[PDB]
Amino acid sequence: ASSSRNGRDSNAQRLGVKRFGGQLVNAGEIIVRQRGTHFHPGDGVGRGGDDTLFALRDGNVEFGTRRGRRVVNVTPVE
Amino acid sequence: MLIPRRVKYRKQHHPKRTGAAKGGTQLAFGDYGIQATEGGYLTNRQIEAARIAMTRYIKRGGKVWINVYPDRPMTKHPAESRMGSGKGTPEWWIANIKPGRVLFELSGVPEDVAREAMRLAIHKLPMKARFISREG
Amino acid sequence: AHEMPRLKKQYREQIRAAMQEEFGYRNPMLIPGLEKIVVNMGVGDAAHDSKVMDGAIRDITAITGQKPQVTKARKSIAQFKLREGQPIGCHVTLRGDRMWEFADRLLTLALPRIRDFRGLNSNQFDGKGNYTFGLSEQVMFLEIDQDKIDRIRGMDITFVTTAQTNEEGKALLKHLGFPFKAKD
Amino acid sequence: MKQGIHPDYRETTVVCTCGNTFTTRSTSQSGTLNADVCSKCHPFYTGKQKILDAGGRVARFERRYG
Amino acid sequence: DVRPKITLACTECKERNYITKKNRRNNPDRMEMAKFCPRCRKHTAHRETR
RNA sequence: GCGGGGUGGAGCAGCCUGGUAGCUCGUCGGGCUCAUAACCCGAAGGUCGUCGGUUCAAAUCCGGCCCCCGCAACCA
RNA sequence: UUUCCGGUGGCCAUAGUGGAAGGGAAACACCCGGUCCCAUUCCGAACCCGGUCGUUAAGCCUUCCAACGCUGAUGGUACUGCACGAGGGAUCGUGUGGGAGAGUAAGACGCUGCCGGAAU
RNA sequence: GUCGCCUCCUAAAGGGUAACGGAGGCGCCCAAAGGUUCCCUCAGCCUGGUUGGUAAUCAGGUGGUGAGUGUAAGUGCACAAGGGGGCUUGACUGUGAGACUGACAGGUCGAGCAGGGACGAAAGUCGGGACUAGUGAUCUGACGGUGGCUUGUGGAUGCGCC
Ligand SMILES: [Mg+2]
Ligand SMILES: [Mg+2]
Ligand SMILES: [Mg+2]
Ligand SMILES: [Mg+2]
Ligand SMILES: [Mg+2]
Ligand SMILES: [Mg+2]
Ligand SMILES: [Mg+2]
Ligand SMILES: [Mg+2]
Ligand SMILES: [Mg+2]
Ligand SMILES: [Mg+2]
Ligand SMILES: [Mg+2]
Ligand SMILES: [Mg+2]
Ligand SMILES: [Mg+2]
Ligand SMILES: [Mg+2]
Ligand SMILES: [Mg+2]
Ligand SMILES: [Mg+2]
Ligand SMILES: [Mg+2]
Ligand SMILES: [Mg+2]
Ligand SMILES: [Mg+2]
Ligand SMILES: [Mg+2]
Ligand SMILES: [Zn+2]
Ligand SMILES: [Zn+2]
């Protein structure tokens, strides 16, 4: 008959933004899982080995632009 | 028979056949033309039959434009076989026609014989079509 | 030693005055002058052995007076039979006093003793006031020896001048003095 | 300049065997330069050859017959 | 087989502190590294075991 | 469908892998003979079925295609 | 206080690209050297050092030019959540909310903060 | 024919989503292709130039990403994560606030701290590699270290821990 040379696929990795704008986060809380820097680390946000953006401090998450880059900041809580 | 030299992917999903014509709803090259009033798939064999009819009727004068191109491949399941075992091999090449799309254009021919040639062509197409002009 | 070269002195006085008078530059620092001299040699038959590169290095070092930059192959090519990163050419950049005295030596000594020398074409400018030409043979530089050269090699000589246009570049290099025929 | 990578390069007299002596600088090891011909000595542009050609095809005819 | 697992032991307290991989063909001889030896409590020279 | 094969004029090597295409016969030129066959001495001869890709580089690696084979195409 | 200019940010083309004209008081710059720290996978070109003569030609600065590019409504259309409807069928229509892309008028030869400079 | 892992599409603008659906990869590699610090900008095109040709090396002009990235693809990266030089071993030991993601086993990220280092004038960065595949639970056995236990005591032997 016939057969397919396809049928392989990788497991779902579950990327994407995990905390949206204004959401209160704790220090170290993961903000976005991603491959490559679609979002760059902004103020109060660190970037991990697999390009995960996480919170360096408590506060509220905001998405903005720092110079020419899309960045994610954590504004310290009032 | 119009067949593309190559395509990126030979096995493709069926083209969307919803909606009106995205573009190319107006004459761009010739004086008269065929405008499809209904959507559908237009195979290269049908395109060739219509083009042969128009050219043969208009004899030596005038020039014909084929606005659409059958660049979408259609696979066919292997005959007499149960469902499954992957997608088939491309067997037909079609163009995605939507209402209002200008299929063929003609220029350099008097209006009456142009109309008759367009009638000959339209009787070979699988969807309803009409003769259009630049308001004369 | 400390002495401003003959060719540099001639350039400054005679050539700067001549250009100022017969091009009418409205600004004093617009008279063109030699910017640099580049001595290249592509020794592409070095993909099979290294001795040819060593000989080329020795020859260019003796001719110019400084160690050459050895360029490795940017990309490998099978029909030229060169791999990636192999040394296939060497070049020297001369500026200032070394530039002036090498140019003086070349013009006064070397190309005069080219076999059946007929001069250099005036139509070998890049189109921006810079003039590059080629020597098919090397030992004609009498600053090197004669009976120890591994093989005959050639080279490319490029004069890069601060000249905006081809005509004024030609005027500058003529005033400096080249053998310029009236042929293509 | 980098020390130890460049050749010996010192004051150098050149004599062209045509009445020309000059004081350039080169790498001529333990010695100077004894040229065979100079620029102002070469027969190229000092104008001492003027070969052009010998195109008198008829001129040859009356040379050997006229 | 071509990139075997090599074990670095400190040359002071002969303790197999680390394990890593070499190329055997690109690095045929035993490899020398300065790593932290927990027993020696400092950075000591580490050598591949024989 | 599975697997193999296509290289001078013919029949066959070169395919783990890239870089140097070989043997036998035949073709062609010269000897030997009265002449032919045989034999002796020299030479040419295939850019590798085709399209495309990989790669610095393809007879060799990969895919499509064409040709030739073999096998399978079963249970009621 | 103002004007002009040099640095250093912010917005990241409404700022760019290209063309034209003009300017240097401080300043910037090219420029002049390489002795000295230092430097070139060769080269005092660059980096670095020493000068500020020369020069506004260029960078830089000012004015001008919608020319390429950029920005860009309103209205309409596509699509669409929900609720229905019509065709033999591809598919299409309506109600009620949302509503582009393109295109059109147009905008635009940048805006703004701090520090320093020379003058007022 | 397929069975685990990775990338894309299908997948309907979070995540997830099946088929013997459509495309490809993986079972490595690198002592630098890791760390750090400083420096650099490509491909293409045009012109001129010994050998030299479309294309080697050189010069000028142009050119912002179309080159490049150890390896698929996507997301990234010209601020370079791309190219080069110097010095190095953090391809660390003891840790992990706080999260991500799975029915679970599990998979992933991680600030801060101490020890002891590398680099940098410093600010600082470094718990392998631009990112995501390059992998196998438990059992049983093995080697190295440690010396917790050892059936009367001391050894031995065996076991435990790492
Ligand atoms: Mg990392
Ligand atoms: Mg990692
Ligand atoms: Mg259009
Ligand atoms: Mg039976
Ligand atoms: Mg608009
Ligand atoms: Mg709009
Ligand atoms: Mg999704
Ligand atoms: Mg959805
Ligand atoms: Mg399901
Ligand atoms: Mg790098
Ligand atoms: Mg390790
Ligand atoms: Mg925790
Ligand atoms: Mg994973
Ligand atoms: Mg520390
Ligand atoms: Mg230090
Ligand atoms: Mg890497
Ligand atoms: Mg790196
Ligand atoms: Mg068991
Ligand atoms: Mg007892
Ligand atoms: Mg431990
Ligand atoms: Zn002479
Ligand atoms: Zn130790």
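Hydrogens, waters and symmetry mates play no part in the numbers below; they use all other heavy atoms, side chains included. Below, chain A is the first sequence line, B the second, and so on; all start at residue 1.
The nearest whole Å value for the distance from the NZ atom in B:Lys87 to the P atom in H:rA23 is 10 Å. Distance C:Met29 CE to G:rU52 P: 18 Å, rounded to the nearest Å. Atoms NZ (E:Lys35) and P (H:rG34) sit 16 Å apart, rounded to a whole Å. If you measure from atom CD of C:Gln66 to atom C1' of G:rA45, you get 12 Å, rounded to the nearest angstrom.
In this step of the strand, H:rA91 does not stack on H:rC92, since the centres of their six-membered base rings are not under 5.5 Å apart with ring planes meeting at under 30°. Both conditions, centre separation below 5.5 angstrom and plane angle below 30 degrees, do not jointly hold for the six-membered rings of G:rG87 and G:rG88. Using a cut-off of 5.5 angstrom for ring-centre distance and 30 degrees for interplanar angle, H:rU95 is classed as stacked on H:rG96. Base stacking between strand neighbours F:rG5 and F:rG6 is present, with six-membered ring centres closer than 5.5 Å and ring planes inclined by less than 30 degrees. Consecutive bases G:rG34 and G:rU35 are counted as unstacked, their six-membered rings not meeting the limits of centres under 5.5 Å apart and planes tilted under 30°.
Ranking H:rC58, H:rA91, G:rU55 by closeness to the C:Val38 side chain, first place goes to H:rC58. Comparing G:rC43, H:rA31, H:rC20 by their closest approach to the side chain of E:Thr20 singles out H:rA31. Comparing H:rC79, G:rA57, H:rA99 by their nearest atom to the side chain of A:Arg69 picks out H:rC79. The side chain of A:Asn26 approaches H:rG98 more closely than any other nucleotide in the set G:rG33, H:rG21, H:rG98. Of the listed nucleotides (G:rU41, G:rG33, H:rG90), G:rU41 has the atom at the smallest distance from the side chain of D:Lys2. The side chain of C:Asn130 approaches H:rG60 more closely than any other nucleotide in the set H:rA78, H:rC92, H:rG60. The side chain of A:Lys18 lies closest to H:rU101 when the candidates are H:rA91, G:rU91, H:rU101. Considering only side-chain atoms of C:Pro28, the nucleotide from G:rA57, H:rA97, G:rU55 that sits closest is G:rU55.
Each of B:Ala20 and D:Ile5 was matched to the nucleotide of RNA chain G holding its nearest heavy atom; the match closer to the 5' end belongs to D:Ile5. Where B:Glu38 and A:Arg67 meet RNA chain G, the nucleotide closest to each residue was compared, and A:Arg67 sits on the side nearer the 5' end.
H:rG98 and H:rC109 are base-paired, meeting the Watson-Crick or G-U wobble geometry with both donor-acceptor distances under 3.5 Å. Taken as a pair, H:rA118 and H:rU125 qualify: Watson-Crick (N1-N3 plus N6-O4 or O6-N4) or G-U wobble (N1-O2 and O6-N3), both under 3.5 Å. Pairing check for H:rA130 against H:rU75: the two satisfy the Watson-Crick or G-U wobble geometry, each of the two atom distances being under 3.5 Å. Taken together, H:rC20 and H:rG152 fail the test for a Watson-Crick or G-U wobble pair, since the two needed distances are not both under 3.5 Å. Under a 3.5 Å limit on both donor-acceptor distances, the bases of H:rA114 and H:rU93 meet the Watson-Crick or G-U wobble criterion. Between H:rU54 and H:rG15, neither a Watson-Crick nor a G-U wobble pair is formed under the 3.5 Å criterion for both distances. If you check G:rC5 against G:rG81, you find neither a Watson-Crick nor a G-U wobble pair with both contacts below 3.5 Å. Nucleotides H:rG141 and H:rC104 fail the pairing criterion: they make neither a Watson-Crick nor a G-U wobble pair with both donor-acceptor distances under 3.5 Å. Pairing check for G:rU91 against G:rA86: the Watson-Crick or wobble criterion is satisfied, both distances under 3.5 Å.
An OP1 or OP2 oxygen of H:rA59 is reached within less than 4.0 angstrom by no side-chain nitrogen or oxygen of C:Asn40. Using a 4.0 Å cut-off, some side-chain N or O of A:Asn6 falls inside it from OP1 or OP2 of H:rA23. Between A:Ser10 and H:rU7 there is a side-chain polar atom (N or O) within less than 4.0 angstrom of OP1 or OP2. The phosphate of H:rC77 has OP1 or OP2 within less than 4.0 Å of a side-chain N or O from A:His40. For the pair A:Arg14 and H:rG14, the criterion of a side-chain N or O lying under 4.0 Å from OP1 or OP2 is not met. Contact between the side-chain N/O atoms of B:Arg17 and the OP1/OP2 oxygens of G:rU91 is found at a separation under 4.0 Å. The side chain of C:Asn27 contributes no N or O atom lying less than 4.0 Å from OP1 or OP2 of G:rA58. Taking 4.0 angstrom as the limit, C:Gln138 places none of its side-chain polar atoms (N or O) nearer than this to OP1 or OP2 of H:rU50. Contact check, A:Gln13 against H:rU7: a side-chain N or O comes under 4.0 Å of OP1 or OP2. Distances shorter than 4.0 Å separate some side-chain N or O of A:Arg5 from OP1 or OP2 on H:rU2. Contact between the side-chain N/O atoms of A:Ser4 and the OP1/OP2 oxygens of H:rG22 is found at a separation under 4.0 Å. Under 4.0 angstrom from either OP1 or OP2 of H:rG76 there lies at least one side-chain N or O belonging to A:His38. Regarding contacts with the backbone of H:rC100, a side-chain N or O of A:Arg19 is found under 4.0 angstrom from either OP1 or OP2.
Separating the OG atom in A:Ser2 from the NZ atom in B:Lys87 is a distance of 12.5 Å, to the nearest 0.5 Å.
Sugar conformation, G:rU35: north. The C1'-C2'-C3'-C4' torsion carries a positive sign. Sugar pucker of G:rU8 is north, as judged by a positive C1'-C2'-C3'-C4' dihedral. With its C1'-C2'-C3'-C4' torsion below zero, H:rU69 shows a south sugar pucker. For G:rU62, the sign convention on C1'-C2'-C3'-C4' gives a north pucker, since the angle is positive.
For the pair B:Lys22 and B:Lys16, the minimum side-chain heavy-atom distance is 4.5 Å or more.
The glycosidic torsion of G:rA27 lies more than 90° away from 0, placing the base in the anti range. An anti base is found at H:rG14: its glycosidic angle is more than 90° from 0. Nucleotide G:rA66 carries a syn base; the chi torsion (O4'-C1'-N9-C4 or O4'-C1'-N1-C2) is within 90° of 0. In this structure, H:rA31 shows a glycosidic angle within 90 degrees of zero, which is the syn conformation. Anti is the glycosidic conformation of H:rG82, whose angle departs from 0 by more than 90°.
The number of heavy-atom neighbours closer than 6.0 Å to CD of C:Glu3, taken from other residues, nucleotides and ligands shown, is 12 or below. Within a 6.0 Å sphere centred on CG of E:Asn26, other residues, nucleotides and ligands contribute more than 12 heavy atoms.
Taking the six-membered ring for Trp and thresholds of 30 and 60 degrees, C:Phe125 and C:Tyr131 have ring planes more than 60 degrees apart, a perpendicular arrangement.
Contacts between residues 70-102 of chain C and RNA chain F, defined by a heavy-atom separation below 4.0 Å, involve C:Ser76, C:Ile77, C:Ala78, C:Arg83, listed by number.
Annotation: H:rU75 and H:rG15 have their P atoms spaced 14 Å apart (nearest Å). Distance check on atom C1': G:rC32 versus G:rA66 gives 45 Å, rounded to whole Å. Taking the P atom of each, G:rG51 and G:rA25 are spaced 23 Å apart, rounded to whole Å.
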What does the B/S/- profile of nucleotides 109-118 of chain H look like, 5' to 3', with a 4.0 Å heavy-atom cutoff to protein? BSS---BSS-
Given the rule in the salt bridge (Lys or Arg N to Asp or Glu O under 4.0 Å) test, do E:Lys22 and E:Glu48 qualify, once you have shown the distances and angles that lead to the verdict? CA-CA 10 Å; E:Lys22 66 182 210 164; E:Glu48 178 191 332; 3.3 Å; yes
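At a cut-off of 3.5 angstrom, the base of H:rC28 holds no donor-acceptor pair with the side chain of E:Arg3.
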